[PDB]
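Here's target07.tsv, which has TSV, N, CA and C atoms:
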```tsv
chain	number	residue	atom	x	y	z
S	146	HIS	N	-5.14	7.74	24.64
S	146	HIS	CA	-4.62	6.55	25.30
S	146	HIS	C	-3.74	6.97	26.46
S	147	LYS	N	-4.14	6.60	27.68
S	147	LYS	CA	-3.40	7.02	28.86
S	147	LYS	C	-2.06	6.29	28.97
S	148	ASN	N	-2.01	5.02	28.55
S	148	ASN	CA	-0.78	4.24	28.69
S	148	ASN	C	0.35	4.84	27.87
S	149	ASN	N	0.06	5.26	26.64
S	149	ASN	CA	1.06	5.90	25.79
S	149	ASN	C	1.07	7.42	25.94
S	150	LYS	N	0.15	7.98	26.72
S	150	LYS	CA	0.09	9.41	27.00
S	150	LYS	C	0.04	10.24	25.72
S	151	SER	N	-0.82	9.81	24.79
S	151	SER	CA	-1.00	10.54	23.54
S	151	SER	C	-2.35	10.17	22.95
S	152	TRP	N	-2.82	11.02	22.04
S	152	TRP	CA	-4.08	10.78	21.35
S	152	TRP	C	-3.88	9.79	20.21
S	153	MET	N	-4.82	8.85	20.07
S	153	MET	CA	-4.74	7.82	19.05
S	153	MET	C	-6.05	7.77	18.27
S	154	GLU	N	-5.95	7.31	17.02
S	154	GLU	CA	-7.10	7.20	16.12
S	154	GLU	C	-7.08	5.82	15.47
S	155	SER	N	-7.96	4.93	15.93
S	155	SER	CA	-8.06	3.59	15.37
S	155	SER	C	-9.48	3.12	15.12
S	156	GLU	N	-10.50	3.79	15.67
S	156	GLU	CA	-11.89	3.36	15.50
S	156	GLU	C	-12.42	3.94	14.19
S	157	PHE	N	-11.98	3.33	13.09
S	157	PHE	CA	-12.39	3.76	11.75
S	157	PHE	C	-13.80	3.23	11.49
S	158	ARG	N	-14.78	3.94	12.03
S	158	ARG	CA	-16.19	3.60	11.87
S	158	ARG	C	-16.70	3.85	10.46
S	159	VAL	N	-15.87	4.38	9.57
S	159	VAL	CA	-16.34	4.84	8.27
S	159	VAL	C	-16.93	3.69	7.46
S	160	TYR	N	-16.23	2.57	7.41
S	160	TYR	CA	-16.62	1.45	6.57
S	160	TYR	C	-16.66	0.17	7.38
S	161	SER	N	-17.45	-0.79	6.90
S	161	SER	CA	-17.60	-2.08	7.57
S	161	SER	C	-16.61	-3.11	7.04
S	162	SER	N	-16.67	-3.41	5.75
S	162	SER	CA	-15.84	-4.44	5.14
S	162	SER	C	-15.18	-3.90	3.88
S	163	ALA	N	-14.01	-4.45	3.57
S	163	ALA	CA	-13.23	-4.05	2.41
S	163	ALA	C	-12.89	-5.27	1.57
S	164	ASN	N	-13.14	-5.19	0.27
S	164	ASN	CA	-12.86	-6.29	-0.65
S	164	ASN	C	-12.52	-5.71	-2.01
S	165	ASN	N	-11.84	-6.52	-2.82
S	165	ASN	CA	-11.46	-6.16	-4.19
S	165	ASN	C	-10.65	-4.87	-4.22
S	166	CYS	N	-9.50	-4.90	-3.54
S	166	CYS	CA	-8.63	-3.74	-3.46
S	166	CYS	C	-7.95	-3.49	-4.80
S	167	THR	N	-7.97	-2.24	-5.25
S	167	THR	CA	-7.42	-1.88	-6.55
S	167	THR	C	-6.32	-0.83	-6.49
S	168	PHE	N	-6.19	-0.10	-5.38
S	168	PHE	CA	-5.18	0.94	-5.28
S	168	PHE	C	-4.89	1.17	-3.80
S	169	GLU	N	-3.63	1.50	-3.51
S	169	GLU	CA	-3.21	1.79	-2.14
S	169	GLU	C	-2.00	2.72	-2.18
S	170	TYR	N	-2.05	3.80	-1.41
S	170	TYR	CA	-0.98	4.80	-1.42
S	170	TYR	C	-0.96	5.53	-0.09
S	171	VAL	N	0.24	5.73	0.45
S	171	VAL	CA	0.45	6.45	1.70
S	171	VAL	C	1.59	7.44	1.49
S	172	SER	N	1.41	8.67	1.96
S	172	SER	CA	2.45	9.69	1.86
S	172	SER	C	2.21	10.75	2.92
S	173	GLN	N	2.99	11.83	2.84
S	173	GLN	CA	3.01	12.84	3.89
S	173	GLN	C	1.68	13.58	3.98
S	174	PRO	N	1.28	13.97	5.19
S	174	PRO	CA	0.05	14.77	5.34
S	174	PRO	C	0.26	16.19	4.84
S	175	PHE	N	-0.82	16.79	4.33
S	175	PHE	CA	-0.76	18.13	3.76
S	175	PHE	C	-1.63	19.09	4.56
S	176	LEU	N	-1.00	20.17	5.05
S	176	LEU	CA	-1.70	21.34	5.59
S	176	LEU	C	-2.58	20.99	6.80
S	177	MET	N	-1.99	20.34	7.80
S	177	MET	CA	-2.74	19.97	8.99
S	177	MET	C	-1.92	20.28	10.24
S	178	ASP	N	-2.64	20.48	11.35
S	178	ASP	CA	-2.03	20.67	12.66
S	178	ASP	C	-2.77	19.84	13.70
S	179	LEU	N	-2.44	20.02	14.98
S	179	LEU	CA	-3.08	19.25	16.05
S	179	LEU	C	-3.07	20.11	17.31
S	180	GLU	N	-4.20	20.77	17.58
S	180	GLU	CA	-4.36	21.56	18.80
S	180	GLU	C	-5.84	21.86	18.99
S	181	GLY	N	-6.28	21.83	20.25
S	181	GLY	CA	-7.65	22.13	20.60
S	181	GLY	C	-7.89	23.48	21.23
S	182	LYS	N	-6.93	24.39	21.19
S	182	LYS	CA	-7.08	25.72	21.77
S	182	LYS	C	-7.81	26.64	20.80
S	183	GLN	N	-7.80	27.94	21.09
S	183	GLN	CA	-8.41	28.95	20.24
S	183	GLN	C	-7.33	29.82	19.62
S	184	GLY	N	-7.50	30.15	18.33
S	184	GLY	CA	-6.51	30.92	17.61
S	184	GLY	C	-7.15	32.10	16.89
S	185	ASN	N	-6.29	33.05	16.52
S	185	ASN	CA	-6.70	34.27	15.84
S	185	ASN	C	-5.87	34.46	14.58
S	186	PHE	N	-6.52	34.94	13.52
S	186	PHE	CA	-5.86	35.27	12.25
S	186	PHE	C	-5.13	34.05	11.68
S	187	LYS	N	-5.90	33.02	11.35
S	187	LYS	CA	-5.37	31.78	10.81
S	187	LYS	C	-5.80	31.63	9.35
S	188	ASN	N	-5.46	30.48	8.77
S	188	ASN	CA	-5.50	30.29	7.33
S	188	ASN	C	-6.67	29.41	6.89
S	189	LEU	N	-6.94	29.46	5.58
S	189	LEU	CA	-8.02	28.73	4.93
S	189	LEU	C	-7.46	27.67	4.00
S	190	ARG	N	-8.20	26.57	3.86
S	190	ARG	CA	-7.86	25.48	2.96
S	190	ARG	C	-8.80	25.49	1.77
S	191	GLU	N	-8.27	25.15	0.59
S	191	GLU	CA	-9.08	25.13	-0.63
S	191	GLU	C	-8.60	24.01	-1.54
S	192	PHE	N	-9.51	23.11	-1.91
S	192	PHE	CA	-9.19	21.97	-2.75
S	192	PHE	C	-10.12	21.92	-3.95
S	193	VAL	N	-9.61	21.41	-5.07
S	193	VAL	CA	-10.40	21.21	-6.28
S	193	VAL	C	-10.17	19.79	-6.77
S	194	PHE	N	-11.25	19.02	-6.90
S	194	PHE	CA	-11.17	17.64	-7.36
S	194	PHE	C	-11.71	17.54	-8.78
A	340	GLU	N	9.58	-9.82	-2.13
A	340	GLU	CA	8.81	-10.40	-1.04
A	340	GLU	C	7.97	-11.59	-1.47
A	341	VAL	N	7.78	-11.80	-2.77
A	341	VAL	CA	7.05	-12.95	-3.29
A	341	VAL	C	8.01	-14.07	-3.68
A	342	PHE	N	9.03	-13.76	-4.48
A	342	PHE	CA	9.98	-14.78	-4.90
A	342	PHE	C	10.90	-15.19	-3.75
A	343	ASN	N	11.38	-14.22	-2.98
A	343	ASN	CA	12.26	-14.47	-1.84
A	343	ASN	C	11.49	-14.49	-0.53
A	344	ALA	N	10.25	-14.99	-0.57
A	344	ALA	CA	9.39	-14.97	0.61
A	344	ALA	C	9.92	-15.89	1.70
A	345	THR	N	9.72	-15.47	2.95
A	345	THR	CA	10.13	-16.29	4.08
A	345	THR	C	9.20	-17.48	4.27
A	346	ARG	N	7.89	-17.25	4.15
A	346	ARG	CA	6.89	-18.29	4.34
A	346	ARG	C	6.31	-18.73	3.01
A	347	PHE	N	5.82	-19.97	2.98
A	347	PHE	CA	5.28	-20.58	1.78
A	347	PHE	C	3.76	-20.54	1.81
A	348	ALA	N	3.15	-20.86	0.68
A	348	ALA	CA	1.70	-20.87	0.54
A	348	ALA	C	1.24	-22.23	0.03
A	349	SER	N	0.15	-22.74	0.62
A	349	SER	CA	-0.44	-23.98	0.17
A	349	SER	C	-1.26	-23.74	-1.10
A	350	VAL	N	-1.23	-24.71	-2.01
A	350	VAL	CA	-1.83	-24.50	-3.33
A	350	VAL	C	-3.34	-24.34	-3.23
A	351	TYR	N	-3.98	-25.12	-2.38
A	351	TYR	CA	-5.43	-25.01	-2.27
A	351	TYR	C	-5.84	-23.63	-1.79
A	352	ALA	N	-4.92	-22.90	-1.16
A	352	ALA	CA	-5.15	-21.53	-0.74
A	352	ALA	C	-4.11	-20.61	-1.38
A	353	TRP	N	-3.91	-20.75	-2.69
A	353	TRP	CA	-2.84	-20.04	-3.38
A	353	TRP	C	-2.95	-18.53	-3.17
A	354	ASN	N	-1.85	-17.92	-2.76
A	354	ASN	CA	-1.82	-16.48	-2.56
A	354	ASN	C	-1.81	-15.75	-3.90
A	355	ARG	N	-2.27	-14.51	-3.87
A	355	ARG	CA	-2.27	-13.65	-5.05
A	355	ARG	C	-1.83	-12.25	-4.63
A	356	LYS	N	-0.75	-11.76	-5.21
A	356	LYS	CA	-0.23	-10.44	-4.90
A	356	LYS	C	-0.52	-9.50	-6.06
A	357	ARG	N	-1.15	-8.38	-5.76
A	357	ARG	CA	-1.48	-7.37	-6.76
A	357	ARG	C	-0.33	-6.37	-6.86
A	358	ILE	N	0.14	-6.14	-8.08
A	358	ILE	CA	1.25	-5.24	-8.34
A	358	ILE	C	0.76	-4.10	-9.22
A	359	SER	N	0.90	-2.87	-8.74
A	359	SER	CA	0.47	-1.70	-9.48
A	359	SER	C	1.22	-0.48	-8.97
A	360	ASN	N	1.45	0.48	-9.87
A	360	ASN	CA	2.05	1.77	-9.55
A	360	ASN	C	3.43	1.60	-8.89
A	361	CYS	N	4.33	0.97	-9.64
A	361	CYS	CA	5.72	0.76	-9.23
A	361	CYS	C	6.49	0.23	-10.43
A	362	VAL	N	7.79	0.51	-10.46
A	362	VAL	CA	8.62	0.18	-11.61
A	362	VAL	C	8.83	-1.32	-11.68
A	363	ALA	N	8.63	-1.89	-12.87
A	363	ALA	CA	8.79	-3.32	-13.10
A	363	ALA	C	10.09	-3.56	-13.86
A	364	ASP	N	10.90	-4.48	-13.34
A	364	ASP	CA	12.16	-4.88	-13.97
A	364	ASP	C	12.17	-6.41	-14.03
A	365	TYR	N	11.59	-6.97	-15.09
A	365	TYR	CA	11.54	-8.42	-15.23
A	365	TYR	C	12.88	-9.00	-15.62
A	366	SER	N	13.84	-8.17	-16.03
A	366	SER	CA	15.18	-8.67	-16.32
A	366	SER	C	15.81	-9.33	-15.11
A	367	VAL	N	15.43	-8.88	-13.90
A	367	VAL	CA	15.96	-9.48	-12.68
A	367	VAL	C	15.56	-10.94	-12.57
A	368	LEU	N	14.46	-11.33	-13.20
A	368	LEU	CA	13.98	-12.71	-13.08
A	368	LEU	C	14.87	-13.67	-13.86
A	369	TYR	N	14.96	-13.50	-15.18
A	369	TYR	CA	15.73	-14.44	-15.98
A	369	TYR	C	17.23	-14.20	-15.92
A	370	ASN	N	17.68	-13.09	-15.33
A	370	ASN	CA	19.10	-12.92	-15.06
A	370	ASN	C	19.55	-13.74	-13.86
A	371	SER	N	18.64	-14.00	-12.92
A	371	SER	CA	18.95	-14.82	-11.75
A	371	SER	C	18.89	-16.29	-12.14
A	372	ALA	N	20.02	-16.99	-12.01
A	372	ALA	CA	20.11	-18.39	-12.41
A	372	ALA	C	19.62	-19.31	-11.28
A	373	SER	N	18.36	-19.10	-10.90
A	373	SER	CA	17.76	-19.87	-9.82
A	373	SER	C	16.43	-20.51	-10.20
A	374	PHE	N	15.93	-20.29	-11.41
A	374	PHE	CA	14.65	-20.83	-11.85
A	374	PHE	C	14.90	-21.92	-12.88
A	375	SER	N	14.51	-23.15	-12.55
A	375	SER	CA	14.65	-24.27	-13.47
A	375	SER	C	13.59	-24.27	-14.56
A	376	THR	N	12.47	-23.58	-14.34
A	376	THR	CA	11.38	-23.52	-15.30
A	376	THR	C	11.02	-22.07	-15.57
A	377	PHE	N	10.99	-21.70	-16.85
A	377	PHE	CA	10.61	-20.34	-17.25
A	377	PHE	C	9.90	-20.45	-18.59
A	378	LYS	N	8.57	-20.51	-18.56
A	378	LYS	CA	7.76	-20.63	-19.76
A	378	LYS	C	6.75	-19.49	-19.80
A	379	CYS	N	6.59	-18.90	-20.98
A	379	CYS	CA	5.73	-17.74	-21.16
A	379	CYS	C	4.71	-18.04	-22.25
A	380	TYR	N	3.54	-17.40	-22.14
A	380	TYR	CA	2.44	-17.60	-23.07
A	380	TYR	C	1.90	-16.25	-23.49
A	381	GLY	N	1.92	-15.98	-24.80
A	381	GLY	CA	1.44	-14.73	-25.33
A	381	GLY	C	2.38	-13.55	-25.17
A	382	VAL	N	3.58	-13.78	-24.65
A	382	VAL	CA	4.54	-12.70	-24.40
A	382	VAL	C	5.91	-13.33	-24.25
A	383	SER	N	6.95	-12.51	-24.41
A	383	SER	CA	8.32	-13.00	-24.32
A	383	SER	C	9.06	-12.28	-23.19
A	384	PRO	N	9.92	-12.99	-22.46
A	384	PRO	CA	10.68	-12.33	-21.38
A	384	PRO	C	11.62	-11.25	-21.88
A	385	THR	N	12.13	-11.38	-23.11
A	385	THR	CA	13.08	-10.41	-23.62
A	385	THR	C	12.46	-9.03	-23.77
A	386	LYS	N	11.21	-8.97	-24.22
A	386	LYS	CA	10.54	-7.71	-24.52
A	386	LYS	C	9.81	-7.11	-23.32
A	387	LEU	N	9.80	-7.79	-22.17
A	387	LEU	CA	9.02	-7.32	-21.03
A	387	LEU	C	9.46	-5.95	-20.53
```
Entire entry expressed as structure tokens:
Amino acid sequence: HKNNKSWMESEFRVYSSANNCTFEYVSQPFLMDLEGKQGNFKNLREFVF
Amino acid sequence: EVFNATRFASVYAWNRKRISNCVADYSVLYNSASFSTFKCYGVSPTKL
């Protein structure tokens, strides 16, 4: 967004409609950054569900 | 936000608020001397 001079994320194309909401939770982001450059000797993420 | 709500709801479009994953303290309800009607069915306010 040029007006706010920052990157924004609002086009949530993932889903069309939402109904029958049963749970909602928001908290701090885990293990993320924000840069488009190139890096060397960085880290790996591993999750188990 | 439901009991002390700023705006009201029309009955034909009665609002419904879902409450989950948060501490419930129903003692705050009958301790507040602001409800002229308090009737329960299948449960008692004392044991809530």
Counting all atoms listed in the file, what are the residues of chain S within 8 Å of chain A, and for each of them which pair of atoms is the nearest and at what distance in Å, to one decimal? Sort the table by chain and rising number, as CSV.
```
residue,atom,partner,partner_atom,distance
S:166,C,A:357,CA,7.8
S:167,C,A:359,CA,7.5
S:168,CA,A:359,CA,7.5
S:169,N,A:359,C,7.6
```
| field | Expected residue set, 12 Å radius at (14.9, -12.8, -17.5), only C-alpha atoms, as a VMD selection string | value | chain A and resid 364 to 374 376 to 379 383 to 387
Based on the selection just made, write N, CA and C atoms of those residues as a PDB file, in the coordinates of the input.
```
ATOM      1  N   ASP A 364      10.900  -4.480 -13.340  1.00  0.00           N
ATOM      2  CA  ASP A 364      12.160  -4.880 -13.970  1.00  0.00           C
ATOM      3  C   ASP A 364      12.170  -6.410 -14.030  1.00  0.00           C
ATOM      4  N   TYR A 365      11.590  -6.970 -15.090  1.00  0.00           N
ATOM      5  CA  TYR A 365      11.540  -8.420 -15.230  1.00  0.00           C
ATOM      6  C   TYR A 365      12.880  -9.000 -15.620  1.00  0.00           C
ATOM      7  N   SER A 366      13.840  -8.170 -16.030  1.00  0.00           N
ATOM      8  CA  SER A 366      15.180  -8.670 -16.320  1.00  0.00           C
ATOM      9  C   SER A 366      15.810  -9.330 -15.110  1.00  0.00           C
ATOM     10  N   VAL A 367      15.430  -8.880 -13.900  1.00  0.00           N
ATOM     11  CA  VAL A 367      15.960  -9.480 -12.680  1.00  0.00           C
ATOM     12  C   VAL A 367      15.560 -10.940 -12.570  1.00  0.00           C
ATOM     13  N   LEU A 368      14.460 -11.330 -13.200  1.00  0.00           N
ATOM     14  CA  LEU A 368      13.980 -12.710 -13.080  1.00  0.00           C
ATOM     15  C   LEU A 368      14.870 -13.670 -13.860  1.00  0.00           C
ATOM     16  N   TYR A 369      14.960 -13.500 -15.180  1.00  0.00           N
ATOM     17  CA  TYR A 369      15.730 -14.440 -15.980  1.00  0.00           C
ATOM     18  C   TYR A 369      17.230 -14.200 -15.920  1.00  0.00           C
ATOM     19  N   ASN A 370      17.680 -13.090 -15.330  1.00  0.00           N
ATOM     20  CA  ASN A 370      19.100 -12.920 -15.060  1.00  0.00           C
ATOM     21  C   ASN A 370      19.550 -13.740 -13.860  1.00  0.00           C
ATOM     22  N   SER A 371      18.640 -14.000 -12.920  1.00  0.00           N
ATOM     23  CA  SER A 371      18.950 -14.820 -11.750  1.00  0.00           C
ATOM     24  C   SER A 371      18.890 -16.290 -12.140  1.00  0.00           C
ATOM     25  N   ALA A 372      20.020 -16.990 -12.010  1.00  0.00           N
ATOM     26  CA  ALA A 372      20.110 -18.390 -12.410  1.00  0.00           C
ATOM     27  C   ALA A 372      19.620 -19.310 -11.280  1.00  0.00           C
ATOM     28  N   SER A 373      18.360 -19.100 -10.900  1.00  0.00           N
ATOM     29  CA  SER A 373      17.760 -19.870  -9.820  1.00  0.00           C
ATOM     30  C   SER A 373      16.430 -20.510 -10.200  1.00  0.00           C
ATOM     31  N   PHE A 374      15.930 -20.290 -11.410  1.00  0.00           N
ATOM     32  CA  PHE A 374      14.650 -20.830 -11.850  1.00  0.00           C
ATOM     33  C   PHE A 374      14.900 -21.920 -12.880  1.00  0.00           C
ATOM     34  N   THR A 376      12.470 -23.580 -14.340  1.00  0.00           N
ATOM     35  CA  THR A 376      11.380 -23.520 -15.300  1.00  0.00           C
ATOM     36  C   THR A 376      11.020 -22.070 -15.570  1.00  0.00           C
ATOM     37  N   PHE A 377      10.990 -21.700 -16.850  1.00  0.00           N
ATOM     38  CA  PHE A 377      10.610 -20.340 -17.250  1.00  0.00           C
ATOM     39  C   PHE A 377       9.900 -20.450 -18.590  1.00  0.00           C
ATOM     40  N   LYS A 378       8.570 -20.510 -18.560  1.00  0.00           N
ATOM     41  CA  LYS A 378       7.760 -20.630 -19.760  1.00  0.00           C
ATOM     42  C   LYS A 378       6.750 -19.490 -19.800  1.00  0.00           C
ATOM     43  N   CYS A 379       6.590 -18.900 -20.980  1.00  0.00           N
ATOM     44  CA  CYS A 379       5.730 -17.740 -21.160  1.00  0.00           C
ATOM     45  C   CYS A 379       4.710 -18.040 -22.250  1.00  0.00           C
ATOM     46  N   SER A 383       6.950 -12.510 -24.410  1.00  0.00           N
ATOM     47  CA  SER A 383       8.320 -13.000 -24.320  1.00  0.00           C
ATOM     48  C   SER A 383       9.060 -12.280 -23.190  1.00  0.00           C
ATOM     49  N   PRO A 384       9.920 -12.990 -22.460  1.00  0.00           N
ATOM     50  CA  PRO A 384      10.680 -12.330 -21.380  1.00  0.00           C
ATOM     51  C   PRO A 384      11.620 -11.250 -21.880  1.00  0.00           C
ATOM     52  N   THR A 385      12.130 -11.380 -23.110  1.00  0.00           N
ATOM     53  CA  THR A 385      13.080 -10.410 -23.620  1.00  0.00           C
ATOM     54  C   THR A 385      12.460  -9.030 -23.770  1.00  0.00           C
ATOM     55  N   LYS A 386      11.210  -8.970 -24.220  1.00  0.00           N
ATOM     56  CA  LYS A 386      10.540  -7.710 -24.520  1.00  0.00           C
ATOM     57  C   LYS A 386       9.810  -7.110 -23.320  1.00  0.00           C
ATOM     58  N   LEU A 387       9.800  -7.790 -22.170  1.00  0.00           N
ATOM     59  CA  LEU A 387       9.020  -7.320 -21.030  1.00  0.00           C
ATOM     60  C   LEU A 387       9.460  -5.950 -20.530  1.00  0.00           C
TER      61      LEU A 387
END
```
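The space separating CA of residue 150 in chain S from CA of residue 173 in chain S comes to 23.5 Å.
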Could you please fill out range 162-176 of chain S with N, CA, C and O atoms and send it back as an mmCIF file, in the coordinates of the input?
```
data_model
loop_
_atom_site.group_PDB
_atom_site.id
_atom_site.type_symbol
_atom_site.label_atom_id
_atom_site.label_comp_id
_atom_site.auth_asym_id
_atom_site.auth_seq_id
_atom_site.Cartn_x
_atom_site.Cartn_y
_atom_site.Cartn_z
ATOM 1 N N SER S 162 -16.670 -3.410 5.750
ATOM 2 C CA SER S 162 -15.840 -4.440 5.140
ATOM 3 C C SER S 162 -15.180 -3.900 3.880
ATOM 4 O O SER S 162 -15.704 -3.004 3.215
ATOM 5 N N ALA S 163 -14.010 -4.450 3.570
ATOM 6 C CA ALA S 163 -13.230 -4.050 2.410
ATOM 7 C C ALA S 163 -12.890 -5.270 1.570
ATOM 8 O O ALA S 163 -12.395 -6.273 2.109
ATOM 9 N N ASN S 164 -13.140 -5.190 0.270
ATOM 10 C CA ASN S 164 -12.860 -6.290 -0.650
ATOM 11 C C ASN S 164 -12.520 -5.710 -2.010
ATOM 12 O O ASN S 164 -12.877 -4.576 -2.335
ATOM 13 N N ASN S 165 -11.840 -6.520 -2.820
ATOM 14 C CA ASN S 165 -11.460 -6.160 -4.190
ATOM 15 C C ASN S 165 -10.650 -4.870 -4.220
ATOM 16 O O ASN S 165 -11.044 -3.863 -4.816
ATOM 17 N N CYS S 166 -9.500 -4.900 -3.540
ATOM 18 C CA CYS S 166 -8.630 -3.740 -3.460
ATOM 19 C C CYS S 166 -7.950 -3.490 -4.800
ATOM 20 O O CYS S 166 -7.410 -4.422 -5.411
ATOM 21 N N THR S 167 -7.970 -2.240 -5.250
ATOM 22 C CA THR S 167 -7.420 -1.880 -6.550
ATOM 23 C C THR S 167 -6.320 -0.830 -6.490
ATOM 24 O O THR S 167 -5.581 -0.677 -7.467
ATOM 25 N N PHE S 168 -6.190 -0.100 -5.380
ATOM 26 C CA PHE S 168 -5.180 0.940 -5.280
ATOM 27 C C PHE S 168 -4.890 1.170 -3.800
ATOM 28 O O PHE S 168 -5.782 1.072 -2.951
ATOM 29 N N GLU S 169 -3.630 1.500 -3.510
ATOM 30 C CA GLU S 169 -3.210 1.790 -2.140
ATOM 31 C C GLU S 169 -2.000 2.720 -2.180
ATOM 32 O O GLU S 169 -1.043 2.446 -2.908
ATOM 33 N N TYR S 170 -2.050 3.800 -1.410
ATOM 34 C CA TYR S 170 -0.980 4.800 -1.420
ATOM 35 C C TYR S 170 -0.960 5.530 -0.090
ATOM 36 O O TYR S 170 -2.007 5.911 0.440
ATOM 37 N N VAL S 171 0.240 5.730 0.450
ATOM 38 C CA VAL S 171 0.450 6.450 1.700
ATOM 39 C C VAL S 171 1.590 7.440 1.490
ATOM 40 O O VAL S 171 2.635 7.089 0.926
ATOM 41 N N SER S 172 1.410 8.670 1.960
ATOM 42 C CA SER S 172 2.450 9.690 1.860
ATOM 43 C C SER S 172 2.210 10.750 2.920
ATOM 44 O O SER S 172 1.344 10.611 3.793
ATOM 45 N N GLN S 173 2.990 11.830 2.840
ATOM 46 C CA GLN S 173 3.010 12.840 3.890
ATOM 47 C C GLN S 173 1.680 13.580 3.980
ATOM 48 O O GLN S 173 0.992 13.784 2.978
ATOM 49 N N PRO S 174 1.280 13.970 5.190
ATOM 50 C CA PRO S 174 0.050 14.770 5.340
ATOM 51 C C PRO S 174 0.260 16.190 4.840
ATOM 52 O O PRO S 174 1.356 16.740 4.917
ATOM 53 N N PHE S 175 -0.820 16.790 4.330
ATOM 54 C CA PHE S 175 -0.760 18.130 3.760
ATOM 55 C C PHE S 175 -1.630 19.090 4.560
ATOM 56 O O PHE S 175 -2.827 18.857 4.735
ATOM 57 N N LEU S 176 -1.000 20.170 5.050
ATOM 58 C CA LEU S 176 -1.700 21.340 5.590
ATOM 59 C C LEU S 176 -2.580 20.990 6.800
ATOM 60 O O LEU S 176 -3.761 21.310 6.830
#
```
